[PDB]
Amino acid sequence: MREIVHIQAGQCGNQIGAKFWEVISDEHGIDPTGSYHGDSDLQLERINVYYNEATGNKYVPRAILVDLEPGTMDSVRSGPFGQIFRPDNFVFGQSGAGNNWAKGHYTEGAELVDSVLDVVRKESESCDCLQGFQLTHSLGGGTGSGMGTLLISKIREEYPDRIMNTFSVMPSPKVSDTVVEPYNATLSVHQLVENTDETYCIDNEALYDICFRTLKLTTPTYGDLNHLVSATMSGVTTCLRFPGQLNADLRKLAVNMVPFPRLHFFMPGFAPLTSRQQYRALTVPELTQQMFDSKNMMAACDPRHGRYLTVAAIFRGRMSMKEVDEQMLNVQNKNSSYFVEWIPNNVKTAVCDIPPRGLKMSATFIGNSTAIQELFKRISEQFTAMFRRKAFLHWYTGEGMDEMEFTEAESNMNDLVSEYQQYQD
Amino acid sequence: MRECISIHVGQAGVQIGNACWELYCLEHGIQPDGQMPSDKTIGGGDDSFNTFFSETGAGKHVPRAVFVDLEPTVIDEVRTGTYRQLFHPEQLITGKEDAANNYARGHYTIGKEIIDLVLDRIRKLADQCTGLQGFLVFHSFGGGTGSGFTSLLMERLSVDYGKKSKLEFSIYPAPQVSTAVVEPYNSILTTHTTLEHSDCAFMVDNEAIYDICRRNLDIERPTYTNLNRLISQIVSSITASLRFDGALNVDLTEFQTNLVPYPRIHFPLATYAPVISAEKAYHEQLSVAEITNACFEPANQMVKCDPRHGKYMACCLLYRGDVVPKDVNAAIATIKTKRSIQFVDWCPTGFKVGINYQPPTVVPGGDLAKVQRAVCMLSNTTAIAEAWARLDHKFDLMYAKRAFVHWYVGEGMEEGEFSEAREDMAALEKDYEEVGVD
Amino acid sequence: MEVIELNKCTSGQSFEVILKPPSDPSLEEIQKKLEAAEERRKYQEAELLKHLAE
Amino acid sequence: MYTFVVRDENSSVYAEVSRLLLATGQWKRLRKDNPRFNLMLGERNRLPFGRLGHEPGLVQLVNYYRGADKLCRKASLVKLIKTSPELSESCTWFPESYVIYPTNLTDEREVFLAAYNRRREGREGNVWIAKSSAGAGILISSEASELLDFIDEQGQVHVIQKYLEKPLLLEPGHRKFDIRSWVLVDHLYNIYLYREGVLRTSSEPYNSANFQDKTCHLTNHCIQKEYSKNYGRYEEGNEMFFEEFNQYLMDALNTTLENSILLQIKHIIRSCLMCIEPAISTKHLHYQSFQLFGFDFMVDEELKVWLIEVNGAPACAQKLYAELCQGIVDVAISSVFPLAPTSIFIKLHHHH
Ligand SMILES: Nc1nc2c(ncn2[C@@H]2O[C@H](COP(=O)(O)OP(=O)(O)OP(=O)(O)O)[C@@H](O)[C@H]2O)c(=O)[nH]1
Ligand SMILES: Nc1ncnc2c1ncn2[C@@H]1O[C@H](COP(=O)(O)OP(=O)(O)CP(=O)(O)O)[C@@H](O)[C@H]1O
Ligand SMILES: Nc1nc2c(ncn2[C@@H]2O[C@H](COP(=O)(O)OP(=O)(O)O)[C@@H](O)[C@H]2O)c(=O)[nH]1
Ligand SMILES: [Ca+2]
Ligand SMILES: [Ca+2]
Ligand SMILES: [Ca+2]
Ligand SMILES: [Mg+2]
Ligand SMILES: [Mg+2]
Ligand SMILES: [Mg+2]
């Protein structure tokens with residue numbers, strides 16, 4: 001009974017979080033009303049990881065929905081699986097955060113944060129043995145970014161020895177709402193460097209390119225982007241949701257994936273990514289080749305520009321475990337220059353028999369690569385292009401922030417980039 | 001009759017323990033409910049098998065064993081498994097969250113809070129013993145519990161049972177079946193702190209068991225069940241002298257006397273033959289000379305290394321089945337004229353031989369075929385130092401960068417314990433080279 | 001090639017063949033190590049809480 | 001795509017093999033400390049054999065047989081021949097030798113003197129040579145006192161063996177020589193003799209009445225090219241190849257190189273390598289080995305061949321690098337890692 005408490009904050013956080021629960025509920029046989037209708041015992045074996053069991057054999061997601069405006073959470077409550085969530089676990093305000101990190105972190109967010117912690121505390125108190133937390137949010141907005149990292153800080157204060165995990169959506173000019181997103185993301189990244197154990201970097205720049213170039217979607221929508229995020233979140237949590245030996249829990253994953261405390265930002269990847277030739281059987285060699293392909297990466301960084309510190313791979317579906325080991329060893333032995341040679345046997349592989357919906361077999365990639373510095377460099381350059389002219393700062397100083405806090409965040413992220421660079425050489 | 005208490009620590013120790021006690025029951029004719037028809041002394045007795053099994057008034061034969069794990073899922077299988085009725089709940093100890101593959105978490109953070117409970121349960125078994133010999137401790141090197149909690153337990157056992165022998169069965173890490181990158185750290189940390197507390201340690205390299213299962217059992221991708229059923233066969237051969245009538249290795253003290261002339265060099269190499277697939281149409285039964293000759297092939301060793309390039313300090317041959325001394329001696333004569341067997345000058349060149357007429361038992365439906373004779377050779381070779389070098393080398397690669405060290409310091413371990421443990425291993429490798437190389 | 005110490009019983013026998021002749025920390029100390037590490041953990045957690053209070 | 005590592009930058013032989021491996025477009029070189037290799041061109045000393053064959057899914061091959069130093073060490077070779085029944089103490093193709101430890105440190109001092117005193121009493125030629133593996137350090141004398149005193153002045157093990165006082169002298173010149181044979185042993189322990197040998201000839205006339213000047217008594221390529229005044233006179237670089245040497249044997253001795261010399265050379269090679277096969281074979285080992293050996297022979301005026309030593313890390317004649325190194329790739333490396341004639345080797349069949 002290793003329970004995880006899930007939190008989703010802001011527009012992005014709640015829309016991706018909704019799709020995540022929709023996907024895994026289907027995989028575990030839970031219908032929109034919380035009733036189980038599966039046909040395999042593997043579905044319920046580890047169900048309590050993400051679901052509470054209520055009267056009448058009902059399974060209720062251990063999820064807390066947070067926002068500073070009601071709109072998105074109204075949509076969730078009226079969505080496909082909206083009725084499966086605990087009505088008490090909707091915590092929202094009315095003011096909004098105005099795409100402003102300061103509003104989420106210091107003013108509007110500060111007024112609502114205690115009521116969220118009350119719900120978090122309620123869910124944790126009923127856990128047999130709480131593993132830790134997972135937060136879904138964007139870094140480019142105000143609520144998920146500012147209030148999300150505020151929540152992480154207050155959760156760590158109350159649960160200092162629990163694991164904090166996040167799925168963090170990084171902003172990109174190609175899929176942007178406002179010009180201040182580099183500000184909100186730089187402020188948030190520093191919080192994550194200090195207060196999270198594992199962060200899955202989900203780059204909207206990569207999600208767009210995959211949709212446009214690989215899936216041939218002429219005009220990608222946020223819904224198209226979130227289909228990739230749902231599939232990825234399901235893949236990376238498979239080790240937690242089904243019987244297995246590798247990782248299997250948040251702390252063990254962290255111990256195998258994070259050799260240095262600040263370098264806990266992961267490049268996720270998924271295969272196949274097929275456009276509508278969609279019925280063709282996919283071989284283990286193809287699954288393995290694509291899973292390591294940069295075009296299958298959702299961080300928008302080229303792995304061949306850095307080195308892998310650690311890699312976790314998860315194969316799903318009925319396949320040849322012997323062939324899985326062969327192709328994996330083939331990739332490592334054929335490109336051993338992109339794997340640091342001072343962490344022996346740093347590529348681990350796991351297999352799960354239950355494939356995702358509508359696929360015979362798939363592969364999910366989790367990489368701790370020094371190439372992720374390209375992502376932080378990109379944000380840092382966009383931050384500096386505006387900050388050198390103090391552009392748009394009045395939105396933040398109007399909420400009580402000083403310019404010095406921006407300079408410190410700017411320096412903290414450039415420090416992070418420098419740390420990745422030393423282990424790359 | 002002197003009792004032996006088995007202690008199984010962590011997933012590897014528990015699952016191997018389940019395979020062993022399953023085999024012990026089959027070898028002694030004990031049913032899953034603990035009943036033993038052939039035992040005419042109901043609720044008592046001092047037979048050889050009583051070294052490993054106590055008896056209740058109702059005739060239940062209870063393993064003298066404790067299972068310990070910091071998470072419940074592995075031991076939960078035992079509680080609801082085929083042999084659930086063998087143990088009473090006090091013998092199966094589980095915590096709620098494991099050591100996360102972190103030696104420091106198993107030894108310090110969690111070990112400090114459960115050690116007293118584990119010692120109390122062990123004391124309850126000791127109170128049933130009229131003449132306790134000591135302990136057999138099963139554990140992995142790589143796990144946070146198997147490494148960290150075992151070393152703490154061994155330290156306390158030396159305090160609470162100063163005059164008792166302690167033997168180890170230790171699983172050396174192999175990447176083919178491992179998924180924890182820090183296992184070299186945990187292996188060296190637990191070896192450093194356990195070295196002075198263990199009288200004799202039988203290391204089994206998962207890489208060796210894995211390849212034997214693929215090569216000899218035609219298993220494309222062996223599971224822990226496949227690995228453990230083979231390991232239990234080797235463990236059974238080693239402990240058979242304690243559980244059946246005989247005169248060789250009849251008590252734990254004799255393992256040290258016969259296999260370990262130098263206390264720190266207490267890691268005998270185990271070699272086992274024959275391993276034959278049950279799915280085979282029908283195999284030819286190997287002779288005494290053939291299975292004896294097989295003991296000097298690297299392919300059947302529990303740790304892959306080359307004994308041709310080391311020195312022997314002791315060598316025991318443990319036969320099971322249709323074997324007579326005449327054939328053993330004739331086989332030994334032939335192997336000396338062909339094999340490169342070099343003993344150290346301060347040890348006699350010879351072999352201690354034990355023969356148990358009962359052939360090996362195979363679990364029904366298992367992978368191993370029934371054979372008429374088998375042998376396990378226990379040899380103390382400097383060649384096993386190859387395993388220490390490999391492990392220390394991986395340790396050095398990661399530690400030079402301090403990779404993952406913060407996980408250990410965060411549990412309250414000092415960084416100096418790493419270098420202390422590593423320096424002890426360097427002195428161990430130097431001990432082997434002084435004994436083995438000219 | 002000499003055999004010595006042949007012992008026989010109903011269930012087996014044992015002997016030795018010679019081919020060539022030759023040529024701790026106290027309970028108190030364990031407790032201090034466990035408490036010392038616990039103290040180091042508590043100190044690190046106090047610094048974290050201090051950082052979070054700031 | 002195969003992978004290999006280079007751990008001996010001073011190896012001319014495997015610098016060419018490495019050059020050829022890359023030219024095939026199917027072999028990739030890794031940093032010398034990367035464990036994920038198929039082939040290790042290991043270092044000469046303290047090659048870590050214990051870390052080979054422990055990589056899941058990688059067939060690993062190294063260019064050295066663990067334990068072959070027993071054959072490629074001066075003192076070790078003597079001890080091997082005297083103690084191994086396959087070779088016996090009465091071995092007819094190895095000069096009478098003794099292992100002598102300097103008095104500042106078993107030892108065969110007294111045994112040597114007994115045999116030495118016997119020759120002195122029987123009017124027989126009593127000239128011995130003292131040498132060791134720690135040399136570039138050789139002494140040739142007819143007095144046992146000088147030989148033993150020269151070794152005590154040193155600090156490493158030495159060997160005293162009979163000096164061939166009746167060597168075969170090439171004409172014109174009246175000069176000494178030795179024969180170098182290259183032998184390759186693959187992972188299956190097939191013994192391949194390179195069809196091409198070299199005679200390292202002395203450019204100075206052989207003088208039996210003066211062992212002080214060692215230019216005419218030592219056929220080493222470096223000694224002739226530094227202290228000899230007729231270097232390169234009769235043959236380029238004091239290296240005569242089999243074609244010219246075979247023609248000489250026919251013209252002068254009315255015989256052939258195959259009949260008079262090579263049959264013995266092939267016999268000696270088989271005897272040495274078969275003797276240690278059980279000790280070094282990698283047949284059932286978790287990694288595989290091959291190794292290139294350099295055998296050095298002497299021929300007396302009776303056309304009897306004597307083994308001088310075996311080199312574990314030999315070089316090769318400049319003219320023969322391309323052919324031999326390509327042969328190593330064909331039979332020793334590509335046989336294990338195939339790529340996507342008239343062999344240059346002579347297979348010495350034997351019983352395994
Ligand atoms: N032969 C064999 N090896 C095992 C088995 N289970 C785990 N291992 C090995 O043990 C090592 C991992 O240690 P575990 O025993 O699983 O960990 P633990 O002792 O439970 O400690 P924790 O970190 O708290 O889980 C790896 O090298 C595994 O390959 C088993 O059943 N049989
Ligand atoms: N017993 C002997 N009788 C006659 N000549 C001998 C001899 N032992 C050695 N030599 C001469 O010494 C030379 C080389 O000696 P040796 O081979 O022992 O030294 P070395 O090993 O440093 C040269 P290499 O290793 O290249 O063959 C040969 O050319 C040979 O002519
Ligand atoms: N992938 C994805 N990104 C989103 C979604 N909604 C918003 N974003 C991104 O999130 C950032 C805006 O933050 P948002 O979550 O809308 O602000 P918040 O409600 O204050 O937390 C921008 O980078 C958007 O591109 C979504 O549904 N999917
Ligand atoms: Ca307000
Ligand atoms: Ca009884
Ligand atoms: Ca003791
Ligand atoms: Mg928005
Ligand atoms: Mg465990
Ligand atoms: Mg030489």
Side-chain angles (χ1 to χ4, degrees), chain B residues 48 104 107-109 111-113 115 152 155-156 158-160 162 193 196-197 240-241 244-250 258 315-321 323-326 328-330 332-333 336 341 343-358 409-414 417, chain C:
Chain B
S48 283
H107 185 100
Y108 295 96
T109 310
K112 177 179 181 290
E113 299 299 338
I115 181 60
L152 173 54
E155 288 185 333
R156 290 291 290 273
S158 296
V159 175
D160 293 356
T193 53
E196 274 302 68
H197 298 290
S241 53
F244 296 92
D245 192 3
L248 179 59
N249 297 340
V250 60
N258 292 334
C315 198
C316 291
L317 290 166
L318 304 171
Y319 292 90
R320 299 183 77 166
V323 177
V324 289
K326 168 180 59 178
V328 181
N329 294 326
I332 293 184
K336 272 299 300 179
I341 309 173
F343 277 74
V344 296
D345 291 310
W346 46 276
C347 296
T349 300
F351 308 83
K352 288 182 167 66
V353 178
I355 298 175
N356 189 290
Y357 294 149
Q358 184 172 320
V409 177
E411 298 289 354
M413 195 177 95
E414 296 192 287
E417 182 154 357
Chain C
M1 192 74 176
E2 180 180 10
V3 171
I4 70 181
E5 291 187 8
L6 174 65
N7 303 104
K8 300 174 63 187
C9 70
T10 291
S11 54
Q13 52 180 310
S14 65
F15 62 96
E16 182 167 16
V17 56
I18 300 180
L19 312 177
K20 183 197 306 178
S23 301
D24 291 329
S26 66
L27 179 62
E28 166 196 23
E29 297 172 328
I30 295 175
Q31 276 300 323
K32 297 173 190 171
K33 296 178 181 174
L34 297 177
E35 291 173 359
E38 176 181 49
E39 212 62 9
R40 285 185 291 270
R41 281 197 307 280
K42 293 181 175 185
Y43 180 88
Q44 302 159 11
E45 172 156 321
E47 293 303 315
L48 171 54
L49 296 189
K50 184 193 313 297
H51 185 70
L52 291 172
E54 295 163 350

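Proteins get letters first, then strands, A, B, ... in listed order; numbering begins at 1 in each. Worth knowing before you read on, the calculation uses all heavy atoms, side chains too, and leaves out hydrogens, waters and symmetry mates.
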Under 3.5 Å donor-acceptor pairs involving side-chain atoms of residues 1-13 of chain C, not counting sequence neighbours:
unit_1: C:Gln13; atom_1: NE2; unit_2: B:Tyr357; atom_2: OH; d: 3.0

Q. Which region of B:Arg156, side chain (C-beta onward) or backbone (N, CA, C, O), has a non-hydrogen atom less than 4.5 Å from a non-hydrogen atom of chain C, or is it both or neither?
A. both
Q | Top contributor to chain C contacts, counting heavy-atom pairs under 4.5 Å, from B:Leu152, B:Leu248, B:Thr109, B:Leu318 | A | B:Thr109
Q.
So, applying salt bridge (charged side-chain N to carboxylate O under 4.0 Å, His left out) with B:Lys112, which one of C:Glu38, C:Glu39, C:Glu35 is it?
A. C:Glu38
Q: Could you look at B:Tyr108 and say if it's the side chain, the backbone, both or neither that has a heavy atom under 4.5 Å from chain C?
A: both
(Q) Between B:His197 and chain C, with a heavy-atom cut-off of 4.5 Å, which part of the residue counts as in contact: side chain, backbone, both or neither? (A) side chain
**Q.** Proximal component of B:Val353, with respect to chain C [non-hydrogen, under 4.5 Å]
**A.** both
Q. Chain C heavy atoms under 4.5 Å from B:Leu317: which part of the residue, side chain, backbone, both or neither?
A. neither
Q. Is chain C contacted by the side chain of B:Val323, its backbone, both, or neither, given a heavy-atom distance below 4.5 Å?
A. neither
Q | B:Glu196: side-chain contact (heavy atoms from CB on, under 4.5 Å) partners, not counting sequence neighbours | A | C:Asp24
Q.
Can you tell me which portion of B:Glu113 sits under 4.5 Å from chain C's heavy atoms? Options are side chain, backbone, both or neither.
A. side chain
Q. Do any of residues 25-33 of chain C have a heavy atom less than 4.5 Å from a heavy atom of chain B, and if so, which, in residue order?
A. C:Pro25, C:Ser26, C:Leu27, C:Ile30, C:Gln31, C:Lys33
Q: For residues 43-54 of chain C, pull every pair meeting side-chain hydrogen bond (donor to acceptor under 3.5 Å, both in side chains), keeping only residues two or more places apart or in separate chains.
A: A:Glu194-C:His51
